[PDB]
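All remarks here apply to the structure that follows.
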Amino acid sequence: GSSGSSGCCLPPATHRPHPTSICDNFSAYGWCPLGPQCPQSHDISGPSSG
Ligand SMILES: [Zn+2]
């Protein structure tokens, strides 16, 4: 297929900070019974099925 722009992502100047541990509920489900207080991080990436 067509392809031009080589992704408008930030330079390698510095690698972004990585999480310590993602939750199990908010991870996929999206919601968590602990809310923001939850000790685990809640990062919504957006996986695919299939
Ligand atoms: Zn959680």
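Going through the structure tokens in order, the chains are called A, B, and so on, while each chain numbers its residues from 1 and the ligands are numbered from 1 in the order shown.
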- [ ] Could you pull out the residues sitting within 7 Å of ligand 1, using only C-alpha atoms and all ligand atoms, and write them as a VMD selection string?
- [x] chain A and resid 23 to 26 32 to 35 38 to 42
- [ ] Please measure the separation of atom CA of residue 50 of chain A and atom CA of residue 27 of chain A, giving the value in Å to one decimal.
- [x]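 Spanning atom CA of residue 50 of chain A to atom CA of residue 27 of chain A is a straight-line distance of 18.0 Å.
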